[PDB]
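So the structure is just underneath, and the comments pick up after that.
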Amino acid sequence: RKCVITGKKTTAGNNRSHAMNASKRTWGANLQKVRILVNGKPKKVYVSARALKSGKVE
Amino acid sequence: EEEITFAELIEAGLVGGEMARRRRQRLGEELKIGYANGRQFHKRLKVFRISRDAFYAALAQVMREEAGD
RNA sequence: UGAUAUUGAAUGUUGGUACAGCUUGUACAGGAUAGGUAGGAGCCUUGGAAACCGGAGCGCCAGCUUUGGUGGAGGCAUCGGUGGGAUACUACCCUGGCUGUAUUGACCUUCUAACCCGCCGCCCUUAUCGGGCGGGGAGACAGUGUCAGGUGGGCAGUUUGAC
RNA sequence: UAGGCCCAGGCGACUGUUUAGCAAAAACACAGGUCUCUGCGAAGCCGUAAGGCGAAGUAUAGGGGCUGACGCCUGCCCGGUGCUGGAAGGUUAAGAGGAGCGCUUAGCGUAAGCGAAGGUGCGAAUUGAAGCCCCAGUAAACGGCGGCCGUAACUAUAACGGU
RNA sequence: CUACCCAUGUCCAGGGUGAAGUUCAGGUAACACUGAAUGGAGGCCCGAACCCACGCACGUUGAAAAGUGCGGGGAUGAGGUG
Ligand SMILES: [Mg+2]
Ligand SMILES: [Mg+2]
Ligand SMILES: [Mg+2]
Ligand SMILES: [Mg+2]
Ligand SMILES: [Mg+2]
Ligand SMILES: [Mg+2]
Ligand SMILES: [Mg+2]
Ligand SMILES: [Mg+2]
Ligand SMILES: [Mg+2]
Ligand SMILES: [Mg+2]
Ligand SMILES: [Mg+2]
Ligand SMILES: [Mg+2]
Ligand SMILES: [Mg+2]
Ligand SMILES: [Mg+2]
Ligand SMILES: [Mg+2]
Ligand SMILES: [Mg+2]
Ligand SMILES: [Mg+2]
Ligand SMILES: [Mg+2]
Ligand SMILES: [Mg+2]
Ligand SMILES: [Mg+2]
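In order, the protein sequence lines correspond to chains R and G.
Numbering-wise, the first sequence is residues 3 to 60 according to UniProt numbering.
Numbering-wise, the second sequence is residues 118 to 186 according to UniProt numbering.
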């Protein structure tokens, strides 16, 4: 699970409360699924919403 | 014997536009019979067999909430 | 449970953002209830004008050089303007207002290309997986990502004084 | 080789299951009863997700809670808590919205200070969901079924009247 | 090993009791029913194999790190077992 264009992933980090007591946690990447041309073949893959902002076709 | 007539729904202001759409969108749920069009609303009134007086009472009610009950 | 991205189109109702317009200056005062600084006398006559009321203007409505109507055929500047202006025009501008404009949002619908279908037909193929092409259903919702608020012994880490 | 029997009570209806190795039962289970959730990709459950069980079932079905054959029955209380439902109002985050105020310096400077643009901080009003505050129902839901004074035997049955 | 589940096999000497139904009769209004014959149901009865573990005694550096002896319970089923 990762964007096929920019290669974003999901990372790990803490999660603080009011009293700063830590605990593990994860950070998703806002991926979407769209039919897209790839290496001369159309396909539906994962791609981040940020990449979709500009400079891409569907 | 048709406790309510179609002309009653007509005069109630239940014909198209936006105000009448709000009228039905309110009245229906106030009677627990969901949404409909004019004819569909009349048919629902008929099938659930609801009494005229309660219909008028809810009518006045929703007009009051429209007028700020 | 909200905001925000994915996330589109057409409405309608809608609050405003500026454009465009003609506007009452009521002061207990000038014949008279004639703004703000103002150049200031020159204009108007077959704009039935000036006497004039309301219909741009306020209103217990009085009248206004603007103004559809009979109210008919000159005042103002110049005339005690009690005046906190003396006004041809108004070089510039404001309250009485809505329209078309640029709107922007918020609602209320509608639609269809997004996204979804443990629906159907055909193909890959001998396959209840999968995806490819058609149909259908829903549809900018839902699902998913980030942020926020509730609830939360369901599950964790701990405390519970001395004489 | 091969049933001691009878008369009374308590508990549990019955056959069954249970602490391998100190407890075999009155404990558990059960046929029946009742309450409640679930319109199908059902509810619930396992898994982070795919994927499954439920079920190749469809409310005469499935999950959960209490009670526990059969016969006679299950009284009063909705203030509190839980759950279900509703509207006038109050309170409430993130995000929008940014009034206004600081620091810095072109300039004026005159000696003190005032200080245009830009930058950089701080942020007013206005708006902003559920929940909570509130109201109604619900008890084979969690729960509750009193004190005083005067008045009737049997182990004072204080039954009965007044606060 | 033990707990529960899934697929596929297998084991239970012998004897009792006699449900439904059916057929006869009597019976009644036919019915209700009564009595015979047939029939062979059952988480039925008695009891070996098998499974379990209620009482007592013995053993307690044991024959055995949970047994033996004499009695006991279920034994066609919510069975036992490979
Ligand atoms: Mg991957
Ligand atoms: Mg740590
Ligand atoms: Mg949270
Ligand atoms: Mg704890
Ligand atoms: Mg520690
Ligand atoms: Mg001590
Ligand atoms: Mg028992
Ligand atoms: Mg027993
Ligand atoms: Mg034991
Ligand atoms: Mg015993
Ligand atoms: Mg024992
Ligand atoms: Mg039961
Ligand atoms: Mg299945
Ligand atoms: Mg019990
Ligand atoms: Mg009991
Ligand atoms: Mg009771
Ligand atoms: Mg038996
Ligand atoms: Mg045992
Ligand atoms: Mg023995
Ligand atoms: Mg027995």
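Here a beta-carbon is modelled for each residue, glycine too, at the ideal position from N, C-alpha and C.
Here G/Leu176 is not near G/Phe158, since their CB atoms are 9 Å or more apart. Counted as a single uninterrupted DSSP element, the beta strand (DSSP E) harbouring R/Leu39 occupies residues 33-40. Assigned with DSSP and collapsed to three states, G/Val179 falls in helix.
For G/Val164, the three-state secondary structure derived from DSSP is helix. Selection R/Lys35, R/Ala51, R/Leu54 evaluated against R/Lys45 yields R/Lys35 as nearest (Cα-Cα). Distances from the CA of R/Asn17 to each of R/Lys26, R/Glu60, R/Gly30, R/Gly9 were compared; the closest alpha carbon is that of R/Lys26. When C-alpha distances from G/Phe165 are compared across G/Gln178, G/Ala174, G/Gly151, G/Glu182, the shortest belongs to G/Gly151. The C-beta distance from R/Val47 to R/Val6 rounds to 5 Å, short enough to fall under 8 Å. The C-alpha of G/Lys160 lies about 21 Å from the C-alpha of G/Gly134. The alpha-carbon separation between G/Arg141 and R/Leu54 amounts to approximately 42 Å.
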